[PDB]
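Everything below concerns the one structure shown next.
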Amino acid sequence: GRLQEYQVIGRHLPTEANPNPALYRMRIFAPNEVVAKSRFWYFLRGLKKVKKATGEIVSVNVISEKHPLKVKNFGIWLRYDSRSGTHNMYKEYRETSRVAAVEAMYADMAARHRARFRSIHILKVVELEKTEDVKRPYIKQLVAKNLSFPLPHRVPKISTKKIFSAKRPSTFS
Amino acid sequence: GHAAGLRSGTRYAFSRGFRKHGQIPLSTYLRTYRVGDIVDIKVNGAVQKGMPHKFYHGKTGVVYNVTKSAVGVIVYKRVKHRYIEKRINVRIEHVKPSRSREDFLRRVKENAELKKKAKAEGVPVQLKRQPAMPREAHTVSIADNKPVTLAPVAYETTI
Amino acid sequence: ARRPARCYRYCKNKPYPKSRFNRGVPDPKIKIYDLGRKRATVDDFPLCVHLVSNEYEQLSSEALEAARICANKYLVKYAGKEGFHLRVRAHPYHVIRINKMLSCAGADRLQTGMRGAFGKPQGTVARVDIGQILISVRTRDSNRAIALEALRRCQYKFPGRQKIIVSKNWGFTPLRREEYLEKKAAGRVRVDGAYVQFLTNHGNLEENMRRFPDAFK
RNA sequence: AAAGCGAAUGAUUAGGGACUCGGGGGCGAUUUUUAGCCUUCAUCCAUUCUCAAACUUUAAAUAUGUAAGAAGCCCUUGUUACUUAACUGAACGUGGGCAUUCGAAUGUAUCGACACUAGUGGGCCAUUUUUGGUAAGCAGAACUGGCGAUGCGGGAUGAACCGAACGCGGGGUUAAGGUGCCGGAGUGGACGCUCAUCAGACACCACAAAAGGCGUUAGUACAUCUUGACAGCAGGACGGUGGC
RNA sequence: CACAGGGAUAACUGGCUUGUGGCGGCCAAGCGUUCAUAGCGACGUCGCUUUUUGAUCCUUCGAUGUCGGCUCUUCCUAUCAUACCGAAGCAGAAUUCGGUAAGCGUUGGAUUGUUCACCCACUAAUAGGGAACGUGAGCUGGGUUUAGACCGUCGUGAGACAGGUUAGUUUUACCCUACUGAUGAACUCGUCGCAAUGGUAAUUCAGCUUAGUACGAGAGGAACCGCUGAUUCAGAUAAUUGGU
Ligand SMILES: [K+]
Ligand SMILES: [K+]
Ligand SMILES: [K+]
Ligand SMILES: [K+]
Ligand SMILES: [K+]
Ligand SMILES: [K+]
Ligand SMILES: [K+]
Ligand SMILES: [K+]
Ligand SMILES: [K+]
Ligand SMILES: [K+]
Ligand SMILES: [K+]
Ligand SMILES: [K+]
Ligand SMILES: [K+]
Ligand SMILES: [K+]
Ligand SMILES: [K+]
Ligand SMILES: [K+]
Ligand SMILES: [K+]
Ligand SMILES: [K+]
Ligand SMILES: [K+]
Ligand SMILES: [K+]
Ligand SMILES: [K+]
Ligand SMILES: [K+]
Ligand SMILES: [K+]
Ligand SMILES: [K+]
Ligand SMILES: [K+]
Ligand SMILES: [K+]
Ligand SMILES: [K+]
Ligand SMILES: [K+]
Ligand SMILES: [K+]
Ligand SMILES: [K+]
Ligand SMILES: [K+]
Ligand SMILES: [K+]
Ligand SMILES: [Mg+2]
Ligand SMILES: [Mg+2]
Ligand SMILES: [Mg+2]
Ligand SMILES: [Mg+2]
Ligand SMILES: [Mg+2]
Ligand SMILES: [Mg+2]
Ligand SMILES: [Mg+2]
Ligand SMILES: [Mg+2]
Ligand SMILES: [Mg+2]
Ligand SMILES: [Mg+2]
Ligand SMILES: [Mg+2]
Ligand SMILES: [Mg+2]
Ligand SMILES: [Mg+2]
Ligand SMILES: [Mg+2]
Ligand SMILES: [Mg+2]
Ligand SMILES: [Mg+2]
Ligand SMILES: [Mg+2]
Ligand SMILES: [Mg+2]
Ligand SMILES: [Mg+2]
Ligand SMILES: [Mg+2]
Ligand SMILES: [Mg+2]
Ligand SMILES: [Mg+2]
Ligand SMILES: [Mg+2]
Ligand SMILES: [Mg+2]
Ligand SMILES: [Mg+2]
Ligand SMILES: [Mg+2]
Ligand SMILES: [Mg+2]
Ligand SMILES: [Mg+2]
Ligand SMILES: [Mg+2]
Ligand SMILES: [Mg+2]
Ligand SMILES: [Mg+2]
Ligand SMILES: [Mg+2]
Ligand SMILES: [Mg+2]
Ligand SMILES: [Mg+2]
Ligand SMILES: [Mg+2]
Ligand SMILES: [Mg+2]
Ligand SMILES: [Mg+2]
Ligand SMILES: [Mg+2]
């Protein structure tokens, strides 16, 4: 519930030498619409010669997942900055929505590469339709046939306020 | 105590520009000035008489005296905690009439006619400026102007 | 003499070149910048490799000379005298100073301490930026491994961090490999000494036709 | 500031074309300027790799001068020894006309002028910009904010840092900072990484580098493989031809 | 020689820095009979330390006793010897490079006031440093640095010299703490016991045998076990010898 995917459409301000300017559309992941629009101008400034003071926003809409109850495999392309230089990566995730996949990606990059939110560009998010499109071995073991496994050494849940138990707890639940 | 001469530090300010040496255009000597005009000062390096001090280069003042070949101008100078009134004599090669008050002198005569035209007709008008206001609502059509979808690009080495 | 290089690493002063205001500077240590078969035609050496800076610092003339010698020896040994062309692309113009306390005061007395401490020239360094190119090599495409190893070996003589980048151009030209071939097929390039010149279609018609006969045919 | 040098003034790397009467060395009789055959420097021409506090064709950001009416605008015409060939002008005005709107925004929690006099005239610190010096808790400047002259909550301590400036009390909520115990408040929730016989643990700040690891984790590129790849084990390994 | 002051300002410790001094690494042209790395390391380049000397002037000028030696305790390791080991361009003997390791030692003298130095001789060895450049109410007073005196150079002179020489008063503990020892109120007076915590101790060499053996062409030439003594240190004791 931290992120949502938005559609943002923007335009250069019309002038007499060019009425009816072109329209550009981007897909932005953001926690709210105030930072969705700020993110839009950031990316457009890097591609076209437009600013916020010489343009305007046309439309903002929320894109919802079409089947948020079906398990899917996702692939993501991204570009990030390390302490010296920039690099490209491709990672994979398994969940039920595009928003869930992006949230897991941001946590994963912070843990394994110490990359902050401010140094990551998302290039493309694609749902992998065929089971033959899975590349990473940590996903392949999850799409194996006839999967099943037990849960050994499970610690029982005990109220914090209850100190001084009178029996030795078990771990076979 | 460092060196402090009259023209110290004027290497670039008092110099004529590139490809702008030689003869002075003669329309400079044909203008007329009256007591109460508003002029700005700009020193010409090729004339060494009636030169003003480097402080007044780039200032604007009011004429108070007219003589055979020069004018007297009044400027206000800030000295720490106060302003002081200065009176300098400048040859006309260093002065020039200013467009600072022309916008005001244009609105005054334009307001006069609009007021009299409206009074003769019978519908009131505004007669004073307003700052830029926020835009209004409008509709933008998508017909034959389909939007183009953009995405960020991957990193690559140029050299 | 020759204080350690740790003491003059950062670009802390404005550029201080030799001129009519500071006189009496020693000659720089490095004097030769082009090595190898430096007059081959453009079409012989299509591959180029660069050594690029990654910091904002100063490199000394001694360090530049040491790295040039180290890379030259390896290329000659494994590629021959006529299998490469090497160029150093950083020239030292900034002069550093030293305040001789012992020389001016030790056994000479006169004035001691920090009084009148403006120094005398000692050496020369090159000021470099992030992404600036330091050394370039052009050779055939079968000597890719040799060129990479030569530049990797020579960077142990430099302070700071450097990278090696394989260019996407043709030789030393500012032209991508594929687009250079198309321009040559169209006949718009002509061979100069070890380099080329290009046609602009903005001169007088007689001279342009004479210099680029293949273009108009 | 940035930028420029196939743009002036300076600095600077490398080839090519044209040239000989400029130099040097030579070869066809060194004959010979015979530019005969060459030759290397030099010169001119189109190109080529790097620079400038006391260089420049260009050229920001931040800052800076003046104006936004009634002491204004327009119509007519009175004085002068100044000016004009000339009541032609120049300055100062009578009379008349113009809110049907006195001519950007916001504030006005403080308008103008005068009199008499105290203390001070050793300063220091910080972000950004900066000079000398190898550097310094060193020495010197610009704009602004602080301490001195100032308590209170944090940084265990700590003139200058973060939060916030103070009459005597009661209730509520917070800032910076915290919630295993010392200690008021979570042994709170989610996903990972790390095993150190020298672990690590919060701005100012109380330190660590070049260089290495088949420790572990994620990623980039190329090549081989169910027409059987890597490892291990098992078998074979032929005529000219003992090549010239 | 005098007075008013100054830590706004030098001469000693301490504090920041580390140019210079000292110590340690990285790369690999080359040395090494062939052979980059047994043992070394040119051109370059990254560090550490505060037992050198500089740079600064924060504390002390109503005073923190200013060289060296003698005496005595403890600490550091960048290891001279001793224990047990890895490597060699290690046949044996002798040597060289490296690891764990500060438990235990590291001397008797001629000249010099010396710190530093240079010789003779013994030894397993004669390593490097700190503690206000440890240590003057602990000593000493040879040097330096008051007043007397001589010489050389300098100055007209009074006088000067980080130049030589000779003679020159070293004060107070009975107070608090620290330390070394010695008594002791309260719960009846005694006899015999336990042991938390604190302290802790040993050291190096020689002779005989192994053996003229192993190894080696020869010249040369070991070691483990076993036996008997001695150096430095510690705790006691007085039959005998010596001193009083
Ligand atoms: K000056
Ligand atoms: K002095
Ligand atoms: K390097
Ligand atoms: K430019
Ligand atoms: K130039
Ligand atoms: K302006
Ligand atoms: K007149
Ligand atoms: K005063
Ligand atoms: K005063
Ligand atoms: K002061
Ligand atoms: K200071
Ligand atoms: K505090
Ligand atoms: K927990
Ligand atoms: K790794
Ligand atoms: K004092
Ligand atoms: K003081
Ligand atoms: K040092
Ligand atoms: K020290
Ligand atoms: K020191
Ligand atoms: K001092
Ligand atoms: K004192
Ligand atoms: K002694
Ligand atoms: K002391
Ligand atoms: K003493
Ligand atoms: K004496
Ligand atoms: K005597
Ligand atoms: K006492
Ligand atoms: K013990
Ligand atoms: K014991
Ligand atoms: K005894
Ligand atoms: K007895
Ligand atoms: K007796
Ligand atoms: Mg000046
Ligand atoms: Mg004159
Ligand atoms: Mg400087
Ligand atoms: Mg510049
Ligand atoms: Mg004073
Ligand atoms: Mg200062
Ligand atoms: Mg000071
Ligand atoms: Mg004060
Ligand atoms: Mg305060
Ligand atoms: Mg407090
Ligand atoms: Mg702290
Ligand atoms: Mg309260
Ligand atoms: Mg917490
Ligand atoms: Mg509590
Ligand atoms: Mg590293
Ligand atoms: Mg196989
Ligand atoms: Mg005094
Ligand atoms: Mg002081
Ligand atoms: Mg050193
Ligand atoms: Mg060799
Ligand atoms: Mg060396
Ligand atoms: Mg005192
Ligand atoms: Mg004392
Ligand atoms: Mg005393
Ligand atoms: Mg050690
Ligand atoms: Mg050893
Ligand atoms: Mg003695
Ligand atoms: Mg010391
Ligand atoms: Mg002492
Ligand atoms: Mg004492
Ligand atoms: Mg004496
Ligand atoms: Mg005397
Ligand atoms: Mg006397
Ligand atoms: Mg005399
Ligand atoms: Mg005494
Ligand atoms: Mg014990
Ligand atoms: Mg034998
Ligand atoms: Mg007796």
Side-chain angles (χ1 to χ4, degrees), chain A residues 87-91 103-104 106-114 136 160, chain B residues 18-19 34-35 38-41 56 58-62 66 75-76 98-105 107-109 111-112 115-116 118-131, chain C residues 3-8 12-21 29 31-34 38-40 60 62-67 69-70 73 87-94 97-99 101-102 105-106 112-114 116-119 126-127 136 153-160 172 191-197 211:
Chain A
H87 324 272
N88 305 322
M89 283 189 174
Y90 164 75
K91 318 259 287 176
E103 281 171 349
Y106 272 114
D108 193 61
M109 291 296 295
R112 290 187 152 102
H113 300 286
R114 259 76 196 186
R136 294 291 130 105
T160 279
Chain B
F18 180 65
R19 282 214 289 144
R34 268 162 253 265
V35 166
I38 299 187
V39 299
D40 38 48
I41 295 135
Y56 307 98
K59 301 290 180 290
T60 302
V62 170
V66 181
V75 188
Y76 288 101
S98 52
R99 305 169 55 193
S100 76
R101 210 175 154 94
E102 61 98 344
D103 190 306
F104 169 71
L105 284 188
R107 272 193 298 107
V108 53
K109 80 188 305 295
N111 285 341
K115 186 177 181 180
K116 247 41 199 169
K119 176 165 303 179
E121 195 281 333
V123 168
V125 286
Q126 301 175 336
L127 291 133
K128 63 172 52 178
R129 302 169 289 178
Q130 293 298 293
Chain C
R3 280 176 171 164
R6 311 184 280 95
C7 303
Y8 298 103
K12 298 181 65 174
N13 290 349
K14 287 169 185 149
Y16 189 55
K18 58 170 307 182
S19 62
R20 76 175 189 271
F21 295 111
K29 175 78 174 186
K31 308 293 296 185
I32 305 172
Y33 298 85
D34 279 82
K38 63 172 177 293
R39 64 185 66 179
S60 72
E62 288 83 351
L64 292 160
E65 168 80 340
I69 299 177
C70 173
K73 291 182 184 299
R87 175 181 292 169
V88 174
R89 294 176 67 178
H91 297 55
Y93 294 129
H94 180 59
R97 303 187 294 272
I98 177 173
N99 183 27
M101 280 299 305
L102 200 61
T112 62
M114 266 290 159
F118 193 75
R127 301 151 67 95
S136 302
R153 183 164 297 201
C154 82
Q155 44 97 345
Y156 290 96
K157 317 292 180 177
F158 288 138
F172 290 167
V191 162
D192 200 353
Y195 204 54
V196 296
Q197 304 203 41
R211 282 178 160 183

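Note: hydrogens, waters and symmetry copies are ignored here, and every other heavy atom, side chains too, is used. Proteins get letters first, then strands, A, B, ... in listed order; numbering begins at 1 in each.
The nucleotide E:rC43 finds no pairing partner, because no Watson-Crick or G-U wobble arrangement with both distances shorter than 3.5 Å includes it. Taking a pair to require two hydrogen-bonding distances under 3.5 Å in either a Watson-Crick or a G-U wobble arrangement, D:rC168 remains unpaired. Remark: D:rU187 base-pairs with no nucleotide in the shown strands. Criterion, Watson-Crick or G-U wobble with two distances under 3.5 Å.
Taking atom P on both nucleotides, E:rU79 is separated from E:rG24 by 9 Å, rounded to a whole Å. Distance noted for atom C1' between E:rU64 and E:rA132: 10 Å (whole Å). Rounded to whole Å, the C1' atom of D:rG103 lies 9 Å from the corresponding atom of D:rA68. The same atom, P, is picked in D:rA160 and in D:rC147; the two are 9 Å apart, to the nearest Å. For the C1' atoms, the distance from D:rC191 to D:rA223 is 37 Å, rounded to whole Å. When the P atom is compared between E:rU50 and E:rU197, the two are found 38 Å apart, to the nearest whole Å. Comparing the same atom, P, in E:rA78 and in E:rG25 gives a spacing of 12 Å after rounding to whole Å. Atom name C1', nucleotides E:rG212 and E:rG220: the rounded distance is 11 Å, in whole Å.
Nearest nucleotide to the side chain of C:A194, out of D:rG219, D:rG15, D:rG103: D:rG15. Ranking D:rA14, D:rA54, D:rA105 by closeness to the C:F21 side chain, first place goes to D:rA54. Distances from the side chain of A:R112 to the nucleotides D:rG192, D:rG69, D:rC191 place D:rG192 closest. Here the nucleotide nearest the side chain of B:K128, chosen from D:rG133, D:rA104, D:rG219, is D:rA104. Taking only side-chain atoms of C:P15, from C-beta outward, the nucleotide of D:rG15, D:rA53, E:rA55 with the closest atom is D:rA53. Comparing D:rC49, E:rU20, D:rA104 by their nearest atom to the side chain of B:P131 picks out D:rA104. The listed nucleotides are D:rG219, D:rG65, D:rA218; the one nearest the side chain of B:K59 is D:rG65. Of the candidates E:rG19, D:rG192, D:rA53, the closest approach to any side-chain atom of A:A111 belongs to D:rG192. Counting only heavy atoms from C-beta on, C:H91 has its side chain closest to D:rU12 among D:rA218, D:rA104, D:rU12.
Pairing status of D:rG219 against D:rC116: not a Watson-Crick or G-U wobble pair with both distances under 3.5 Å. Judged by the 3.5 Å cutoff on both pairing distances, E:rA87 and E:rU146 do not qualify as a Watson-Crick or G-U wobble pair. Nucleotides D:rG10 and D:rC102 fail to qualify as a pair under the Watson-Crick or G-U wobble definition, as the contacts are not both shorter than 3.5 Å.
Taking the 5.5 Å centre cut-off and the 30° plane limit, the aromatic side chain of B:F104 is not classed as stacked on D:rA67.
Among the protein residues, C:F172 comes within range of no part of the nucleic acid, since none of its heavy atoms lies under 4.0 Å from any strand. Among the atoms of the strands shown, only primed sugar atoms or phosphate atoms (P, OP1, OP2) are found under 4.0 Å from some heavy atom of B:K116. Within the nucleic acid shown, B:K119 comes within 4.0 Å of at least one base atom, counting heavy atoms only. Using a 4.0 Å heavy-atom distance criterion, A:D108 is classed as making no nucleic acid contact. Among the atoms of the strands shown, base atoms are found under 4.0 Å from some heavy atom of B:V125. Within 4.0 Å of C:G106, counting heavy atoms only, lies no atom of the nucleic acid at all. Using a 4.0 Å heavy-atom distance criterion, B:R107 is classed as a sugar-phosphate-only contact. Across all strands, B:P124 comes closer than 4.0 Å to base atoms (heavy-atom distances). Within 4.0 Å (heavy atoms only), A:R136 reaches sugar-phosphate atoms of the nucleic acid but no base atom. Residue-level contact check: B:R19 touches neither bases nor backbone, having no heavy atom under 4.0 Å from any strand. Within 4.0 Å (heavy atoms only), C:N13 reaches sugar-phosphate atoms of the nucleic acid but no base atom. Using a 4.0 Å heavy-atom criterion, one finds that C:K12 contacts the bases of the nucleic acid, with or without backbone contacts as well. Residue A:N88 is classed as a sugar-phosphate contact, given heavy-atom separations below 4.0 Å to backbone atoms only. C:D34 comes within 4.0 angstrom of sugar-phosphate atoms only, judged by non-hydrogen atoms across all strands, and of no base.
Whole-Å rounding puts the C:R89 CZ to D:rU50 P distance at 4 Å. The OH-P distance, from C:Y93 to D:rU13, rounds to 7 Å in whole Å. One interatomic measurement links the two molecules: CZ of C:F118 to P of D:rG132, which rounds to 7 Å at whole-angstrom precision. Atom OH in C:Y16 sits roughly 14 Å away from atom P in D:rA53 (whole-Å rounding). Rounded to an integer number of Å, the gap from C:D192 CG to D:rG17 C1' is 8 Å. Between the CG atom of B:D40 and the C1' atom of D:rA67 there is a distance of 12 Å, given to the nearest Å. Note: NZ (B:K109) to P (D:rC75) measures 11 Å, nearest angstrom. Atom NZ in B:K115 sits roughly 6 Å away from atom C1' in D:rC98 (whole-Å rounding).
With its glycosidic angle more than 90° from 0, E:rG229 adopts the anti conformation. Taking the syn range as angles within 90° of 0, the glycosidic angle of E:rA238 is syn. In E:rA78 the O4'-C1'-N dihedral to the base is within 90° of 0, which defines a syn nucleotide. A glycosidic torsion no more than 90° from 0 defines the syn conformation; D:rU173 lies beyond that range and is anti. In this entry the base of E:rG105 is anti relative to its sugar, with a glycosidic angle more than 90° from 0.
Heavy atoms from other residues, nucleotides or ligands lying under 6.0 Å from CG of C:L102 number 12 at most.
Proximity of a side-chain donor or acceptor of A:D108 to a complementary backbone N or O of A:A104 within less than 3.5 Å is not detected. Side-chain N or O atoms of A:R136 include one that pairs as donor or acceptor with a backbone N or O of A:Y90 at under 3.5 Å. A donor-acceptor contact shorter than 3.5 Å is absent between the side chain of C:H94 and the backbone of C:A126. Under a 3.5 Å cut-off, the side chain of C:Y8 and the backbone N or O of C:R97 do form a donor-acceptor pair.
Note on C:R153: a side-chain N or O is less than 4.0 Å away from OP1 or OP2 of E:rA29. At D:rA68, one or more side-chain N or O atoms of B:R101 fall inside 4.0 Å of OP1 or OP2 (strictly under the cut-off). Applying the 4.0 Å criterion to OP1 and OP2 of E:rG19, one finds that C:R3 has every side-chain N and O outside that range.
In terms of polar N and O atoms assigned as donor or acceptor, the side chain of C:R87 never comes within less than 3.5 Å of the base of D:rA14 in a complementary pairing.
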Once base and sugar-phosphate atoms are separated, protein heavy atoms under 4.0 Å mark nucleotides 43-49 of chain E, 5' to 3', with B, S and - as BBSSS--

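Using the six-membered ring where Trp is involved, C:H91 and C:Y33 have ring planes that are parallel, under 30° apart on the 30 and 60° scheme.
Nearest-nucleotide positions on RNA chain E for C:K73 and C:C7 put C:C7 closer to the 5' end.
The heavy-atom pair separating C:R127 from C:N13 by the smallest distance is NH1-O, 2.8 Å.
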